[PDB]
Ligand SMILES: NC(=O)c1ccc[n+]([C@@H]2O[C@H](COP(=O)([O-])OP(=O)(O)OC[C@H]3O[C@@H](n4cnc5c(N)ncnc54)[C@H](OP(=O)(O)O)[C@@H]3O)[C@@H](O)[C@H]2O)c1
Ligand SMILES: O=C(O)COc1cc(F)ccc1C(=S)NCc1ccc(Br)cc1F
Ligand SMILES: [Br-]
């Protein structure tokens, strides 16, 4: 299967990337170095993950060592919710660029549709625990994203955690200059996203699947929660193909024409997770995995559920 998918900006995006949310700052530099050494060419980043400087050390070292050329890498980051103001977007992007040791991003996403009050805190709260919104709307933030393309800071722009109506709002924007290239959403066998994926794909927007392994290290995991990696039905499909469960869970979205961004800081798993281009799930395997949908969402947040633009 081809390693890259064509975006609606004319550029090609590697269908497998390395996730970096929760990667400790003392481990992520080696994780990214190992990833690039074993073939990864796409890294998924965000300012809110608080480790872009350390990711950037790795990227810069591999560029300096001439392991890879900058043109061969596809580096993604995301505009955090407290920077959805016209006068803050460029600086937010520039801080990410500075930390990553880059002079452009391949793709910059609106991380969540909701804007929050600017300030030091990533989740500004009122005295009763509700997030404090910004009155900025997704259309004006999109215009600010378009400026970044026109200034040369980013090659593509996109969205993340946008629901169908929010994607449609962007597409219907008066005076729209650049369509979103990507919508990055949670997607795995327990949250299969058929409806949103078909909408986005019908509009030429590429979907990236986050938390493809079910984010077992998410900080709010509970003992009793469902576990993709331990699901005996998925293990059985893996065994039949002489692959690991994680490898099946990565190949699944690839065959749906999705990009997928599994996270690891374990060198052996980084390498294992990349070994997914030499086997095929059958149609029956694919439909069987789709059948496990339970609308189980790992990435959600109670404090933000009253924001006007909360997506879920
Ligand atoms: N746009 C957004 O709002 C958003 C939200 C969530 C995630 N994301 C992006 O998507 C990435 C991936 O999602 P995620 O981090 O939530 O979770 P994930 O990739 O579904 O799962 C990561 C977990 O799986 C473990 N793991 C990785 N490979 C494994 C393997 N081969 N066998 C067993 N366990 C394995 C990792 O352990 P070790 O690291 O200990 O090896 C880690 O605990 C994030 O890192 C981030 O880049 C974006
Ligand atoms: O967001 C990530 O990439 C991964 O998750 C996070 C990663 C971080 F570094 C910090 C917080 C989150 C949380 S708690 N994210 C959920 C979340 C945030 C904002 C809104 Br609007 C809704 C929502 F559900
Ligand atoms: Br949100």
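Note: Cβ is positioned from N, Cα and C throughout, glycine not excepted.
Taken from Swiss-Prot, the feature NADP(+) binding site covers 10-19, 211-273. Swiss-Prot lists 111 with the feature substrate binding site. Look at Swiss-Prot and you will find 2 tagged as N-acetylalanine. For 3, the entry in Swiss-Prot reads phosphoserine. Per Swiss-Prot, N6-acetyllysine is recorded for 95, 222, 263. Look at Swiss-Prot and you will find 78 tagged as site 'Lowers pKa of active site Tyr'.
Comparing residue 271 (NADP(+) binding site) with residue 95 (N6-acetyllysine), their Cα atoms are 30 Å apart once rounded.
Across the structure, residue 231 (NADP(+) binding site) and residue 95 (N6-acetyllysine) are spaced 41 Å apart at their Cα atoms. When the binding-site residues 10, 211, 221, 241, 251 are screened for a C-alpha within 10 angstroms of the C-alpha of residue 263 (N6-acetyllysine), the residues that qualify, in sequence order, are 211. Between the C-alpha atoms of residue 2 (N-acetylalanine) and residue 251 (NADP(+) binding site), the distance comes to 12 Å.
By neighbour count, meaning other C-beta atoms within 10 Å, the densest spot among the recorded positions 3, 211 is 211. Each of the recorded positions 78, 111, 241, 251 was scored by the number of other CB atoms within 10 A of its CB, and the lowest score belongs to 241. Looking at the residue listed as 'phosphoserine' and residue 251 (NADP(+) binding site), their Cα atoms lie 12 Å from each other.
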